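>>> Got a sequence here, can you model it:
(chains A, B, C, D, E, F, G, H, I and J, ligands or ions: 7)
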Amino acid sequence: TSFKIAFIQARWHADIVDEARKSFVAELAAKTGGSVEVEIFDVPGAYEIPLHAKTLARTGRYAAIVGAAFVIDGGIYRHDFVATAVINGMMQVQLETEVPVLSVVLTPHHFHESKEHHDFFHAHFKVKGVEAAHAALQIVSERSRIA
Amino acid sequence: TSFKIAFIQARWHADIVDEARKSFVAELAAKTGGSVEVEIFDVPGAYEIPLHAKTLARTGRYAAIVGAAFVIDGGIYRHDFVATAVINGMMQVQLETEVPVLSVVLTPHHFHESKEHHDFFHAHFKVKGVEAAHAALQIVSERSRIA
Amino acid sequence: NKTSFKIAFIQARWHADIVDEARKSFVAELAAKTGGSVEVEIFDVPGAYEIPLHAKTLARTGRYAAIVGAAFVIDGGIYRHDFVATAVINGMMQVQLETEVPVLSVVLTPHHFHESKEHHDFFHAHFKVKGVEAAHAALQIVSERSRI
Amino acid sequence: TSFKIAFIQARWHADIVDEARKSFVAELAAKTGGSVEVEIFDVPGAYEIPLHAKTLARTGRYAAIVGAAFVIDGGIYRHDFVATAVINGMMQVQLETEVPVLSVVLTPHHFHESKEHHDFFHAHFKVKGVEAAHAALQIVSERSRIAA
Amino acid sequence: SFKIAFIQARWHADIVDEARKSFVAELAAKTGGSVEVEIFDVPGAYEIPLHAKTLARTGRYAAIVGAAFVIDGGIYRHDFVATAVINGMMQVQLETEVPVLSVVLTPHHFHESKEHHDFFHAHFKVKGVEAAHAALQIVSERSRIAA
Amino acid sequence: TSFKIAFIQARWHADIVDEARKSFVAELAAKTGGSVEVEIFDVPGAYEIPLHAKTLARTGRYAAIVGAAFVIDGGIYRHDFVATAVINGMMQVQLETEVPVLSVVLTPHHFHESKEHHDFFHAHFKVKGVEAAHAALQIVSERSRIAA
Amino acid sequence: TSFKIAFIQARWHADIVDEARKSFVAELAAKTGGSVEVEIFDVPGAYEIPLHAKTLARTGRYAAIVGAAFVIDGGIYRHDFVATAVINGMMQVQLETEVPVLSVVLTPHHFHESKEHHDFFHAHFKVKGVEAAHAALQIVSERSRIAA
Amino acid sequence: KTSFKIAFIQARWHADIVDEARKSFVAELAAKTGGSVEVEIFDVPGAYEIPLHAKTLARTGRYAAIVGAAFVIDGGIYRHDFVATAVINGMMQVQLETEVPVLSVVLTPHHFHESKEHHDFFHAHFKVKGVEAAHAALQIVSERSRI
Amino acid sequence: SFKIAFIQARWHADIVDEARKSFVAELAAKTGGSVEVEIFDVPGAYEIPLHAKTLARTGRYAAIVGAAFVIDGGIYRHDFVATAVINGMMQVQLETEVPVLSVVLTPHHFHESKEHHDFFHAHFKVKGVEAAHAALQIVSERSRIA
Amino acid sequence: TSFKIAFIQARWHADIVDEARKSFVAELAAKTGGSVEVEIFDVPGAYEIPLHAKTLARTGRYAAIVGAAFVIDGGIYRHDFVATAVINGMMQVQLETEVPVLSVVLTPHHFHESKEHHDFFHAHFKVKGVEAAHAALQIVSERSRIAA
Ligand code: NA
Ligand code: NA
Ligand code: NA
Ligand code: NA
Ligand code: NA
Ligand code: NA
Ligand code: NA
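Numbers count the residues shown, from 1 in each chain, chains lettered A, B, ... in the order given. Ligands and ions are numbered 1, 2, ... in the order given. Dropping the coordinates below:
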């Protein structure tokens, strides 16, 4: 049950993005006891995630890859174009590399820099992190059942 | 056993998704008498269907692959990005392996985890499962009729 | 002074009453304009989602100089259609670039459409137009690709 | 210097899309004086452009391709699904043939077959034609430049 | 040390420029001027993907930057092109393995009024800097993996 | 058993608005044997309906008023503002005057001056006009019942 | 005590609207065993509800008024204008006459005339009817509380 | 030949265009009523200042009909609809009040980015609307008189 | 002394209450129990305007507060009622010349989940506070005039 | 004699709204040789503006009233309902009192409390504040011209 997962996280909204990484690694290492090794990679923005996901996936060292990012409507420029390119990007990379890439690259309906908002997500990203972990494990497992 | 069908269903909303998987398997039997055997593969979320579809398709074991998941606007984050990446992804995967990927990866216009809503889709997926069942039998047939 | 070829008309079983209208119409014009010179072979596919692949499978047989995907992709009020429509409209596009075999789209998505004598009648009738057009488009693009 | 440009135009809304073409041609005529040859290629709809461009692009005959079409919202069926596939498609081709495919496949925000509207674009497509020409000349030279 | 291909659309130069100007500037300041930044002018954003691909493919750049101000013209629908482009780069960078940072911004609103114009003229300087801080960021991070 | 009805119709899209007026004016006669008279008042556009209805209603000669217009989205300027002000306007006038004011001030989801469109509504307003006709006899008679 | 309620309902979609009416009257009885008298009034469509409600409220005979109608997006014309005018009407009327006018004039997000939807709303209206009853007994009570 | 006075209230905003409607308005009326119909202009800050002016003017009884003219565009910075509504509704409210026809040439275009082409188009198109307003002006004034 | 009328819709009571309780809490605080907040329960938001009126007319209240959680249920449109209400209070207050504050909130998103319910249960307290501060401020400001 | 203007500014977003006010007063001060007395009235939110506006308008003390507030999409609850009631309110009021009520109750399209944002509008409200001043004076003037 020993396998490596590459956790790529955007440097943006790190205060929140990290809560997921932390929760993720937590949940993981807390159901694998170090068996599942979570390597962590920092990328500038969500947009730099996919390629990174590919390069890492091609090393063949990871049984799964995790893209973590908080893609928000910055209020100034449109996020969805990237948001799309990134969700598609990963999807493409996993179909290319045959390496599961889970998406914890979330985009909320709303989110204006402010406490009320920030808090909520800083919190909720911990749930996603967990969920991610379970998902990371479940898929890597199910994949083995097949092969 | 004339032919196999991989039914890849997501974990989320299994309460409802299951309703479609159950009616899908049932109909195949009602229509084929067990001639066609359906094999169920569980996966975390809809996002893991494409690759799982790819992987399975490529084994050549199945004459068709069904992807089922209830992808809804999850109150907090946008669902599109994922859904699109999924519906498109399967489309990609079938065009790539020439193995039909039927989609039962539905996205309702509205859905608030409420009694009314839940019971509607719990009831509806049954319908959608019976249709997918028929669709499969058909497209599978139609295709053999081609070569 | 007549050249001939084969067209593969793929149509989704959903809304057949309406879709058929395009098919029947598509076929009728090519009969008027080509008088059998151009043969239209019809393939029934479940949903619009089942078109891109069938089209690719058929286009690769090289028997056809053009594939036609006819489908009435609607917003059923229950689930979102666009995800699939997209996948399909894109899908055919992908196929044609992959097989360099023209795949015309008669896979239409109305802005609004509630089951009803008024709506149904409208498209039932309108698909007859969209079918003729598809014909002239089929002929037009097939001939043009030949010139090359 | 001299090179050839393949101009692919959809037959729909000819009166308008034609304007862009004429402008395109004239501009280049001016800016190159018979040096740059623009080969016109008709195609039924915008959907028919991608593949077409893909086919011409592969001949290596053209230094750049230009898809021209006025894709609007017909008011009956959603257009975008197509516009998307077309705008994405041409991109798909240029990226896979490394042949610049300039886009003059414009999609107005609003456009009911009215006088005002028709006259506006019929007029505006002329401006678009010129830009396309410059964009053409510019992208063609900028490439051969980063190629030396 | 390394080189970066900065492909900028000619449209909305007064603005896009401000982004390039600060990009090159930041890199000089941050790399003591050890990172060569080659500038490439393309007609419009739609022309960027291909140019990124050709340059990227030359294997002369550690990363590529696509800069363009793709706004809603008011006459025609931009998002189509916007998407084609933002996607393209994504496509291209996976294809090439060369990272393509995006400074192809599509503001929510922009009517070329004094207020507006000056606003993005100012912001693109900011955006150009982040681009710089993202380029070095990604290029570094990558090699780190390559060792 | 008899009473008068004020039929206020916008002059825009008479061709379509008319089909309703005619349906209405006939359906009534053909169901009250000319007992009920329908008086037609032309007015420029929908916007000019509310006030007209108020003025007419206040004369107390009509048992009810019917505003009929085709408030389309011209594609140039936004129709909704007027549309809102009008549907609300008639609602306002009918509450003031306590005289029914049926609304055949329809706003289609789409309408581009096209054959298909124009025909569809030309045919529909006929229907909508009959309904309004019944709704009139209904509400009038009904308010009468509640009175006694 | 013995007070009366004016239940105004449109004909359109009676099959569904009625369930609410029935649920309302039934359940209302069940909580009042006939103490509260529910007087039903038929009106063509939602648009004629405000006025009727007004006229009826003014009689002073009712302690509350209920508006029942299913204002759907017919798919052809925009409903919201009316939907609005009507919800605002009842609102206006209740403010103008200080006679509670509860709204069971529901406009669902999606509803394309099919068995799917029909059944759901034919059934759900039964709920909205029960709630409407409670809402009525509640407001009529809480109001008379303020009387003391 | 009948003769009546009309009060044309125009918002000073975008007079570049609104003026075109005013001119063609008076133009037509001249040409169509040989001067028997007097149009009296009233300048007002913004569209929002029309309803009140309309009412003030209406109450005098000197006008058979009032015309509110203004181009209420989407500034691109603040939402214009809130105002557009109050004004279009206000004029409605006022005409209902005074029972003096208040025609609306307070147009709100779908798109408008102070382009040269946009500006030319509307500078051009208002002429039409202005005329159309004149016709309706005579139209309703005459139709009311007959009561 | 002066008293305020708090008209609270019952739907989503759990969430609205916080606003109420919080409102009353802050109000008594900033005014050492000198202000009497009269709570009036009412079915749904739609019933808030008329009540706010019937009360406003009594003369008894210095200001009225409509409180409700107008959500997009996912089945029928809310905006219609929401508007009619938010407009209604606005109207009733111009009629009665009695401040009527709005704590009739319509969240951008709210799907009956634990996260949402939890968030808003909290936020409505923050709102009740602001409601109190406004009530005082405007009740004050109005008297600062006349 | 002398004249005053009632400037009702909402407490929220003072940093920004204040600019509109300061420059509003600044301009009028200039343009009227200081003969205008711009009385400031603070109010919790934009919602409390209408009533204040009416209360103040009735006094007859002011020749014009200005409502100022920065109503935005707070990302949590919807603003538009309130924004509407406000913009409408002021309109309702001035029509009632026949006292010009100018609106500096601006709602921007996007405003995520960021630096670039906060600064933009802080700088902008200065402008709008001046616009409002030139408007206030312009209308007061204009009306002063009407009554002969
Ligand atoms: Na399917
Ligand atoms: Na086609
Ligand atoms: Na181009
Ligand atoms: Na250069
Ligand atoms: Na109610
Ligand atoms: Na008019
Ligand atoms: Na208007």
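>>> And residue A:37, how far from residue A:143?
17 Å (Cβ to Cβ, to the nearest Å). Placement of C-beta: from N, CA and C, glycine included.
>>> Over to residue A:74?
For residue A:74, the distance to residue A:143 equals 36 Å [Cβ to Cβ].
>>> Next, please give the residue ranges for the helices of chain A.
Counting by DSSP state H, the segments of chain A that form helices are A:14-32, A:49-59, A:80-97, A:115-146.
>>> Buried residues of the longest one, list them for me.
For helix A:115-146, burial by neighbour count (16 or more other Cβ atoms under 10 Å in any protein chain shown) applies to A:117, A:120-122, A:124-126, A:128-133, A:135-140, A:142-143.
>>> For residue A:66, see how far away the residue lying closest to residue A:24 once chain neighbours are set aside is.
Distance criterion Cβ to Cβ, 6 or more residues apart in numbering or on different chains; nearest residue to residue A:24, sequence neighbours excluded, is residue A:129 at 4.1 Å. Separation of residue A:129 from residue A:66 (Cβ to Cβ): 9 Å.
>>> Which residues are in contact with each of these two?
The contact sets of residue A:129 and residue A:66 overlap at A:24, A:104 (Cβ atoms under 8 Å, 6 or more residues apart in numbering or on different chains).
>>> Report the contact partners of the nearest residue to residue A:140 once chain neighbours are set aside.
Spatial nearest neighbour of residue A:140, chain neighbours left out: residue A:63 (4.5 Å); criterion: Cβ to Cβ, 6+ apart. Residue A:63 makes contact with A:3-5, A:99-100, A:140, A:143 under the criterion Cβ under 8 Å, 6+ apart.
>>> which one of the residues you listed is nearest ligand 3?
residue A:99 (36.0 Å; Cβ to the ion).
>>> And that closest one, its phi and psi?
Here is the backbone geometry of residue A:99 (degrees, to the nearest 10): phi -120, psi 120.
>>> I figured it was touching residue A:61, is that so?
No. The criterion here is Cβ atoms under 8 Å, and residue A:99 misses it with residue A:61 at 9.8 Å.
>>> Which residue of those two possesses the greater neighbour count?
Set residue A:99 next to residue A:61 and count neighbours by other Cβ atoms under 10 Å in any protein chain shown: residue A:99 wins out with 24 against 14.
>>> How about the more buried one: what's its closest non-neighbour residue?
Of all residues not flanking residue A:99 in the chain, residue A:57 sits nearest, at 3.9 Å (Cβ to Cβ, 6+ apart).
>>> Same check on residue A:77?
Residue A:77 sits nearest to residue E:105 (Cβ to Cβ, 6+ apart), 4.6 Å away.
>>> Next up, the contacts around the one you found.
A:77, E:68-70, E:120, E:124, E:127.
>>> cutoff 10 Å now
Shown in contact with residue E:105 (Cβ atoms under 10 Å, 6 or more residues apart in numbering or on different chains): A:74, A:76-78, A:81, E:12, E:15-16, E:19, E:45, E:67-71, E:82, E:86, E:120, E:123-124, E:127.
>>> Give me the neighbour count for residue A:107.
Using other Cβ under 10 Å: residue A:107 sits among 25 other residues.
>>> Once you drop chain neighbours, what's closest to it?
residue A:71 (4.3 Å).
>>> repeat for residue A:10
Excluding the flanking residues, the one nearest residue A:10 by Cβ to Cβ, 6+ apart is residue A:69, at 3.7 Å.
>>> Tell me who's in contact with the one you found.
A:8-14, A:16-17, A:20, A:43, A:45-49, A:82-83, A:86, A:103-107.
>>> re earlier: as TSV, the contacts of residue A:63 with distance to ligand 2 would be great.
Converted to TSV, those look like this (distance: Cβ to the ion, whole Å):
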residue	distance to ligand 2
A:3	48
A:4	48
A:5	45
A:99	37
A:100	37
A:140	43
A:143	40
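>>> For those residues, which two are the farthest from each other?
Greatest spatial distance in these: A:4 and A:143, 14.1 Å, computed using Cβ to Cβ.
>>> where's the closest residue to chain G within chain A relative to residue B:124, distance?
Using Cβ to the nearest Cβ, the single residue of chain A nearest to chain G is residue A:109, 16.2 Å away. Residue A:109 sits 25 Å away from residue B:124, going by Cβ to Cβ.
>>> Up against chain H, what does chain A have?
Taking Cβ under 10 Å from any Cβ of the partner chain as the measure of proximity, chain A makes no contact with chain H.
>>> Can you name the residue of chain A nearest chain J?
residue A:75 (3.1 Å).
>>> who touches residue A:85 in this structure?
A:46-47, A:49-50, A:92, B:81, E:83, E:85-91, E:102.
>>> Residue A:34 now?
A:2, A:28.
>>> Next: residue A:79.
Residue A:79 neighbours (Cβ under 10 Å, 6+ apart): A:46, A:71-73, A:86, A:107, B:78, E:106.
>>> Just want the phi and psi numbers for it.
With angles defined as degrees, to the nearest 10, residue A:79 sits at phi -80, psi -40.
>>> gap between residue A:118 and residue J:75?
11 Å.
>>> Could you name every residue contacting both of the two?
A:111-112.
>>> does residue A:67 have beta-bridge partners, and which?
residue A:8, residue A:103 (DSSP bridges).
>>> Would you check that residue A:49 makes contact with residue A:86?
Yes. Counting by Cβ atoms under 10 Å, residue A:49 does reach residue A:86; the two are 5.9 Å apart.
>>> how many neighbours does residue A:1 have?
Other residues lying near residue A:1 total 11 when counted by other Cβ under 10 Å.
>>> Would you enumerate the residues in contact with residue A:128?
If you count contacts by Cβ under 10 Å, 6+ apart, then residue A:128 has A:16, A:19-20, A:23-24, A:68, A:103-104, A:106, A:121, A:135, B:76-77 around it.
>>> Mind checking which of those residues are buried?
A:16, A:19-20, A:23-24, A:68, A:103-104, A:106, A:121, A:135, B:76-77.
>>> of those, closest to ligand 5?
Nearest to ligand 5 among the buried ones among the contacts of residue A:128, counting by Cβ to the ion, is residue B:76 at 29.2 Å.
>>> Burial check on the residue nearest to the closest one when sequence neighbours are not counted, number of neighbours?
Using Cβ to Cβ, 6+ apart and skipping residues adjacent in sequence, the residue nearest residue B:76 is residue A:108, 6.0 Å away. When neighbours are defined as other Cβ under 10 Å, residue A:108 has 20 of them.
>>> show me what contacts residue A:108?
A:70-73, A:117, A:120-121, A:124, B:74-78, I:109, J:75.
>>> looking at the sheet around it, what are its partners?
residue B:77.
>>> got the end-to-end distance for stretch A:32-50?
In stretch A:32-50, first residue to last residue: 26 Å (Cα to Cα, to the nearest Å).
>>> ok, and for it, which residues are buried?
Result for stretch A:32-50 [16+ other Cβ under 10 Å]: buried residues A:32, A:36-38, A:41-50.
>>> and the residue of chain A found nearest ligand 3, what does it touch?
Taking Cβ to the ion as the measure, chain A has residue A:81 as its residue closest to ligand 3, at 17.4 Å. Each residue near residue A:81 by Cβ under 10 Å, 6+ apart is listed here: A:47, E:70, E:79, E:82-87, E:90, E:102, E:104-106.
>>> With distance to ligand 7 added, can I get those residues in CSV?
Output for those, formatted as CSV (distance: Cβ to the ion, whole Å):
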residue, distance to ligand 7
A:47, 43
E:70, 32
E:79, 28
E:82, 32
E:83, 34
E:84, 37
E:85, 37
E:86, 37
E:87, 40
E:90, 44
E:102, 41
E:104, 37
E:105, 34
E:106, 30
